[PDB]
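The structure appears right after this line, and notes come after that.
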Amino acid sequence: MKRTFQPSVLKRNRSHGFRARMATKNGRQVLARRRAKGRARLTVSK
Amino acid sequence: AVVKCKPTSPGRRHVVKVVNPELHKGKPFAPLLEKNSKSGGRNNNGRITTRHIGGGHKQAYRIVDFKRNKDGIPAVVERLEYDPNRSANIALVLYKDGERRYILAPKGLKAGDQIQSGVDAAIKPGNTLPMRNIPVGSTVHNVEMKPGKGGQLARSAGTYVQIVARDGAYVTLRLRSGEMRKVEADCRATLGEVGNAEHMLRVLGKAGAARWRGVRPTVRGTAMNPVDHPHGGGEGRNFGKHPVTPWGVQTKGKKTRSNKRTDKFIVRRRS
Amino acid sequence: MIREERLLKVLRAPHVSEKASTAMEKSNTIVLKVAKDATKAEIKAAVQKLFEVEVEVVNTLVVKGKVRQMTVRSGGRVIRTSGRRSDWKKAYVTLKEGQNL
RNA sequence: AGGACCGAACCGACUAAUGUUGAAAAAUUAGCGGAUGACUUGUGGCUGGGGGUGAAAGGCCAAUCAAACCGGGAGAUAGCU
RNA sequence: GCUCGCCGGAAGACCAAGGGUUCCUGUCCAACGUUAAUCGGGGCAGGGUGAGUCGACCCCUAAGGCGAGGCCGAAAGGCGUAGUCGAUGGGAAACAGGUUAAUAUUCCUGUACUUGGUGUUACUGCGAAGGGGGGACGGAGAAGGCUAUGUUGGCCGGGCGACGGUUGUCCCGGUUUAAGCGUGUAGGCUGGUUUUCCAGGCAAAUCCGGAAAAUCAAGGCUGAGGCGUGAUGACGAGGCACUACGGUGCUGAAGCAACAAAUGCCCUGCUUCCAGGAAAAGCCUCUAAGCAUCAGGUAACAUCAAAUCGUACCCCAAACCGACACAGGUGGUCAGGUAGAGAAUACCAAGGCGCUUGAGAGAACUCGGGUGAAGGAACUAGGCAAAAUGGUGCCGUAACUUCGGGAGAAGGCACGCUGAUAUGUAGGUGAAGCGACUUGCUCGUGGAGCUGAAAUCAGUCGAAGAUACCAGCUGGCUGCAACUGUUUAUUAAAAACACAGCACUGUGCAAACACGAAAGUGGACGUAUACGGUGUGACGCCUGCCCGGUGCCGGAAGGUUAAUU
């Protein structure tokens, strides 16, 4: 059966990547929270 | 000519098609084409704003001359062409200076005919004149609403407009709806009716024939649940309510026109 | 033209392997480790100057490093650590007729 | 010619049996329907929660849907256990 | 290592996506592996990915995104113009052999090709964010010409049989060879060439478009394949040597023809239909401003430059998505033989596997199957399940019907092998020879050779000849829905939804309506033969009476009636 995760690097980066987070102020607020928590990986960007 | 197909399968039993031998068979005139991407009835917000639109055949837009501005230069009709963007078909006309254009094909037009526009053009089908220069009682089409804007009225397949009166700066027209309307006498019109009057006689025959005109299925309101439509549920087939649109406005009789800016131009409303 | 300091930077080490030895003894080809950002023109100039040989052509590839795992003790306690070795660039330098080291 | 016919790929899911701490959080085996079309499929894109989308079943919206998920108001309130 | 078995339109081979060293070599067996393990996709160490031509990047744009100014909006922000991004699409060029334990169109050998820069020479009108061509486009169907590929013959090399026979209508194997360059033919399209003129191509043009005149239609574009060369080269059965028996080294015959051939190529063609089938750049061409013995353009030659990133390996799977070394899911490409209509099916090739617990036993019972006397639906809610039918050709086929259907209705019969007609027929292909011509990738005639159904007559074996696999059960009466379709991913596929058709109703375009505090956008680059809403649901015959109630439409005299005053 087809499962929900159907990976694609281009779609991954376009949806949750660093430049996508930086494009809006809500996404920029996501990054600030993750910096405050001290996350080792800020985004899915790799 | 309208032709009935033989019932060699269901889906062909009730198909009636309008066949036109004089329509061009080759490709259209390339310089007068543009792309026309489909919308699905979605606006720039991405939401369905008109229901039952989507799919259908790919179409290219043909730039049709609705203004008819080239005054005093005769044009000859090269060929009649099929146009997928409208019910009427169009004519490719060659002006004496070597420029080509598309116009709506009037009723009697055919290849070789001569057309002209302007104040001094002869009173013949396919000729475009200001309505100041057209005799009262004439049958015209592709009628301008504002001088120089381009034809807006009576553009469909079998439609036409009657000039019923001329009173000063305005002429009074009888529209296909039966409405009497005033327009400026400087607005242009083309003499004759639009051709392809057999358009209304075609029968699609099957569901798919409407799907490839880009029409999606219509679900009856009474077939839904109350959350989806005012014609809500019921155990079995219940209605018990006044008919309304999906947004709760009483259809089947309630008038919806509200335009005080324009009311001065409506001599009589349709009936 | 490439400055001499750049040339003294771009060459890292000869690369020793049986593929490298076979290449040298078959095709007169020299295999080196080079700076990861060294272009073929830079490698050509560097070999031609620092090794005093005449170079035919340079072929390059990037080698991705592997994950290496080993332990470090931090205050009377051994902890397992993991990390990736750094990438490096490998040059296949074909010599016209000279002899190298 | 055909929303034509029989029938593989391909797309479905009518019946039975098995399975039910499964090989599998919906499958397998034997049959079954469509199979040039209102078909099917890859790759991108758009629509966001009282909102979307729906050939309409309260269907689907990441194994979650008569109002998703995450965080917060928040130690809601609980004449009940 | 030898046998046996399984897949073979896959369980083989090559990728994309995704993964990320799983790849190859050496070592180890704790843990991991549903057992053991000397083995491993496990631990440790070392190695491995070579590009002007493949891909990315790059030039160009689709849907869409972002968007200087701008227009809107309490703020946040929304929309959008110029523009700029965005492939799943268009833009330049390499093939064949050899080689590593692990890479190859990348390394080597041989033979090529493309684009650009810079010089020299010769001849010269060059020059755009501008004009025009082109790129550039659907579905279906039908040839015809070919090729990949296959079969047989010839040729070459080998063989003479563990058991009767086997010096021959005998057996086994091989009979390969590319890009490029030259030629330009089966086919497809189109009249050509000059001269003059101009209300068109936002300006101007010698280009495109248009109008006349003359003169020849005998011209040009496009195009598979074949042929030549590439290639006295490479490869090549097999021998001859060494050996660590892994494997390495040397040499090397023939290397042709006929027939059959695609779903591949000609073909982005041709014919036909309606539902009427991207864009932009590269490319060709025309001029403007401008430049003027410059600069630029064309051609030849020379020379240089073609960077950077990917390249291992899996890839219908033990490397991806499913928590697992999970009977599931996953797009593209290739496709050999014998039967066969076939990519079904059976058995095989190349290739790959026996599915990571075994050994015995031969109870009940469960599961998956085979066969059953007599009976034959008596079973059961119900013929559920099973059994049965099943191919091709021919004969024959009712009611009813919207005249198409019903219909493979039903029901029958003939099917193997051998010989003859005919040492292989009808048909297909077609060589030499010969005749012409405009003189070779020519035409006509001819019929060698090859291939080759179907039928009839005669005979013959078996219980049985569509012998296996494969492969319709049929008929009668009725309810519902006209029909193909769609749906409750995961207990409901239906009589439900949709549907073509019908009706009512709204809407005059800045349309109604919908999404939006708005700007705007969809409706629609449409315009009443159009668009939205509602109900009904092919077709046929039809659709009666009621306006008291509730709605909607019209009217406004009168009564009542808000802010305000």
Side-chain angles (χ1 to χ4, degrees), chain A residues 1-11 23 25, chain B residues 6-14 17 28 35-37 39 41-50 53 55-61 72-73 82 84-87 94-100 145 152-159 175-177 179 181 196-197 199-200 203-213 216-225 227-228 231 242-247 250-257 259 261-262 266, chain C residues 17-19 22-23 26-27 29 39-41 59-64 66 90 92:
Chain A
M1 335 180 50
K2 218 198 172 183
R3 298 313 199 191
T4 63
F5 188 46
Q6 277 327 123
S8 147
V9 181
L10 170 65
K11 302 230 289 213
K25 64 111 208 163
Chain B
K6 316 262 244 183
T8 77
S9 51
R12 284 297 263 201
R13 186 177 290 281
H14 320 255
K17 47 174 55 173
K35 68 166 289 253
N36 203 5
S37 169
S39 91
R42 277 105 164 140
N43 57 5
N44 56 4
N45 286 327
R47 305 233 182 150
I48 301 198
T49 47
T50 318
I53 295 174
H57 205 292
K58 183 142 145 193
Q59 255 144 27
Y61 185 77
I73 330 176
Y82 179 89
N85 316 281
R86 71 201 65 251
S87 34
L94 172 63
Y95 284 88
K96 246 182 190 43
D97 53 355
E99 139 175 32
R100 298 169 146 91
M145 272 210 216
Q152 264 162 135
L153 296 143
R155 312 217 316 230
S156 270
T159 71
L175 297 209
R176 284 297 272 131
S177 34
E179 190 194 80
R181 193 217 172 61
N196 200 18
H199 178 61
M200 59 171 339
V203 183
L204 267 39
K206 40 175 253 193
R211 284 313 289 300
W212 64 50
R213 277 153 208 280
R216 298 241 308 130
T218 312
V219 172
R220 277 161 316 111
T222 192
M224 302 169 189
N225 307 301
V227 61
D228 303 290
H231 306 175
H242 301 313
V244 286
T245 59
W247 306 277
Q250 189 287 350
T251 165
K252 289 230 154 83
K254 169 142 199 313
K255 288 198 217 323
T256 52
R257 165 185 173 100
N259 208 328
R261 186 185 37 100
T262 296
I266 324 293
Chain C
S17 100
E18 83 148 44
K19 169 110 181 263
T22 289
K26 267 39 199 303
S27 325
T29 302
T39 52
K40 309 230 253 203
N59 285 41
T60 49
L61 56 82
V62 191
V63 202
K64 323 286 136 43
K66 323 198 172 123
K90 183 150 91 183
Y92 284 97

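We use all heavy atoms of the structure for the numbers below, so side chains are in, but hydrogens, waters and symmetry mates are not. Each chain gets a letter, A, B and so on, in the order the sequences are listed, and its residues count up from 1.
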When we call it a touch if two heavy atoms are under 4.0 Å apart, what does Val203(B) touch: a base, just sugar-phosphate, or nothing? sugar-phosphate

Base, sugar-phosphate or nothing for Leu153(B)? Non-hydrogen atoms, less than 4.0 Å. base

At a cut-off of 3.5 Å, list every protein nitrogen or oxygen paired with a nitrogen or oxygen from nucleotides 319-326 of chain E, distance to 0.1 Å.
unit_1  : atom_1 : unit_2  : atom_2 : d
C321(E) : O2'    : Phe5(A) : O      : 2.7
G322(E) : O2'    : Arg3(A) : NE     : 2.9

State the groove side, major or minor, engaged by the side chain of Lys66(C) at a distance under 5.0 Å from groove atoms of paired bases. major

Please indicate whether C502(E) is base-paired to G535(E) in either the Watson-Crick or the G-U wobble sense, using a 3.5 Å limit on both distances. yes

Taking 3.5 Å as the limit for both distances, would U536(E) and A102(E) pass as Watson-Crick or G-U wobble partners? no

Please examine the side chains of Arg42(B) and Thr49(B), heavy atoms only from C-beta on, and report whether any two atoms are closer than 4.5 Å. no

Taking a pair to be Watson-Crick (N1-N3 plus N6-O4 or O6-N4) or G-U wobble (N1-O2 and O6-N3), each under 3.5 Å, are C95(E) and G223(E) paired? no

From C-beta outward on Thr256(B), which listed nucleotide comes closest to its side chain: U47(D), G506(E), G58(D)? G506(E)

Among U536(E), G50(E), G54(D), which nucleotide sits nearest the side chain of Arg220(B)? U536(E)

Are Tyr82(B) and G276(E) stacked, counting the six-membered base ring, centres under 5.5 Å, planes under 30°? yes

What is the base-pairing partner of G249(E), counting Watson-Crick and G-U wobble geometry with both distances under 3.5 Å? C240(E)

Per atom distances to the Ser27(C) side chain, the nearest of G522(E), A55(D), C107(E) is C107(E)

What does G41(E) pair with, Watson-Crick or G-U, if both distances are under 3.5 Å? none

5' precedence on RNA chain E between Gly208(B) and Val244(B) (nearest-nucleotide basis): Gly208(B)

Residue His57(B), side-chain atoms from C-beta onward, closest of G508(E), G277(E), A500(E): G277(E)

Select from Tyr61(B) and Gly11(B) the residue whose nearest nucleotide in RNA chain E is closer to the 5' end of that strand. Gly11(B)

Which nucleotide in the set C274(E), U308(E), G51(D) lies at the smallest distance from any side-chain heavy atom of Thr39(C)? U308(E)

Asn44(B) side-chain proximity, nearest of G508(E), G523(E), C79(E): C79(E)

Among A279(E), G58(D), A528(E), the one nearest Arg176(B) by side-chain distance: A528(E)

Any base atoms under 4.0 Å from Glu18(C), or only sugar-phosphate, or nothing? Heavy atoms, all strands. base

Using a heavy-atom cut-off of under 4.0 Å over every strand shown, decide if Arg155(B) touches base, sugar-phosphate, or nothing. base

Identify whether any heavy atom of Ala209(B) sits under 4.0 Å from a base atom; if not, whether one sits that close to sugar-phosphate; answer base, sugar-phosphate or nothing. nothing

Treat primed atoms plus P, OP1 and OP2 as sugar-phosphate and everything else as base, then score nucleotides 83-91 of chain E 5' to 3': B for base contact with protein heavy atoms under 4.0 Å, S for sugar-phosphate contact only, - for none. ---SS----

Sugar-phosphate only, base, or nothing, as touched by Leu204(B) at under 4.0 Å among non-hydrogen atoms: sugar-phosphate

Compare side-chain N and O positions of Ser8(A) against OP1 and OP2 of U43(D) and report whether any pair is under 4.0 Å apart. no

Should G141(E) and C270(E) count as paired, given that a pair must be Watson-Crick or G-U wobble and both distances must be under 3.5 Å? yes

Kindly indicate whether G459(E) forms a Watson-Crick or G-U wobble pair with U338(E), where both distances must fall under 3.5 Å. no

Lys90(C) has its side chain closest, among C499(E), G48(E), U529(E), to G48(E)

Between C163(E) and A241(E), how far apart are the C1' atoms? Round to whole Å, please. 39 Å

Pair partner, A16(D) [Watson-Crick or wobble, under 3.5 Å]: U29(D)

Complementary nucleotide of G264(E), counting Watson-Crick and G-U pairs under 3.5 Å: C146(E)

The Watson-Crick or G-U wobble partner of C23(E), with both key distances under 3.5 Å, is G47(E)

Look at the side chain of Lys19(C) against the base of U100(E) and say whether a donor-acceptor pair falls under 3.5 Å; ignore hydrogens and angles. no

Look at all strands and tell whether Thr22(C) reaches a base, only sugar-phosphate, or nothing, counting heavy atoms closer than 4.0 Å. nothing

State, yes or no, whether a side-chain contact exists between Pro217(B) and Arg211(B) at a heavy-atom distance under 4.5 Å. yes

Does any donor-acceptor pair link the side chain of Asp228(B) with the base of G54(D) at a separation under 3.5 Å? yes

Heavy atoms under 4.0 Å, any strand shown: does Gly46(B) hit a base, just sugar-phosphate, or nothing? sugar-phosphate

Touch class at under 4.0 angstrom, heavy-atom based, for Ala210(B) against every strand present: sugar-phosphate

To the nearest Å, how far apart are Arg47(B) CZ and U53(D) P? 7 Å

Between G393(E) and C413(E), would you say there is a Watson-Crick or G-U pair if both relevant distances must stay under 3.5 Å? yes

Classify the nucleic acid contact of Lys206(B) as base, sugar-phosphate or nothing, counting any heavy atom under 4.0 Å across all strands shown. base

Describe the nucleic acid contact of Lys11(A) in one word from base, sugar-phosphate, nothing, applying a heavy-atom distance below 4.0 Å. sugar-phosphate

Candidate nucleotides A55(D), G554(E), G3(D), ranked by approach to the side chain of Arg211(B) - the nearest: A55(D)

Across the strands shown, which category fits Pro246(B) at heavy-atom distances under 4.0 angstrom: base, sugar-phosphate, nothing? sugar-phosphate

Mind calculating the distance between CZ (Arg42(B)) and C1' (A524(E)) to the nearest angstrom? 17 Å

Looking at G184(E) opposite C245(E), are both of their pairing distances below 3.5 Å, so that they form a Watson-Crick or G-U wobble pair? no

Under 4.0 Å from OP1 or OP2 of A511(E): is there any side-chain N or O of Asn259(B) that close? no

Can you check the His242(B) NE2 to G506(E) P distance for me, whole Å? 17 Å

Base, sugar-phosphate, or nothing for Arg100(B), non-hydrogen atoms under 4.0 angstrom? sugar-phosphate

May I ask whether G49(D) and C65(D) qualify as a Watson-Crick or G-U wobble pair, both distances being under 3.5 Å? yes

From the options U529(E), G209(E), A528(E), select the nucleotide whose nearest atom is closest to the side chain of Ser177(B). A528(E)

With rounding to the closest Å, how many angstrom separate the P atoms on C348(E) and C265(E)? 35 Å

Rounding to an integer number of angstrom, what distance separates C59(E) and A87(E) when you compare their P atoms? 12 Å

If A455(E) has a Watson-Crick or G-U wobble mate with both distances under 3.5 Å, name it; if not, just say none. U421(E)

Under a 3.5 Å limit on both key distances, is there a Watson-Crick or G-U wobble pair between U27(E) and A482(E)? no

Heavy atoms only, 4.0 Å cut-off, all strands: where does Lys35(B) land among base, sugar-phosphate and nothing? sugar-phosphate

For atom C1', what is the distance between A346(E) and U402(E), given to the nearest Å? 48 Å

So which protein N/O to nucleotides 400-409 of chain E N/O distances come out below 3.5 Å?
unit_1  : atom_1 : unit_2   : atom_2 : d
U402(E) : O2'    : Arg13(B) : NH1    : 3.1
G404(E) : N7     : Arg13(B) : NH2    : 3.3

When you look at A234(E) and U176(E) together, do they satisfy the Watson-Crick or wobble criterion (both atom distances under 3.5 Å)? yes

Tell me which nucleotide, if any, is Watson-Crick or G-U wobble paired with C189(E) when both distances must be under 3.5 Å. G220(E)

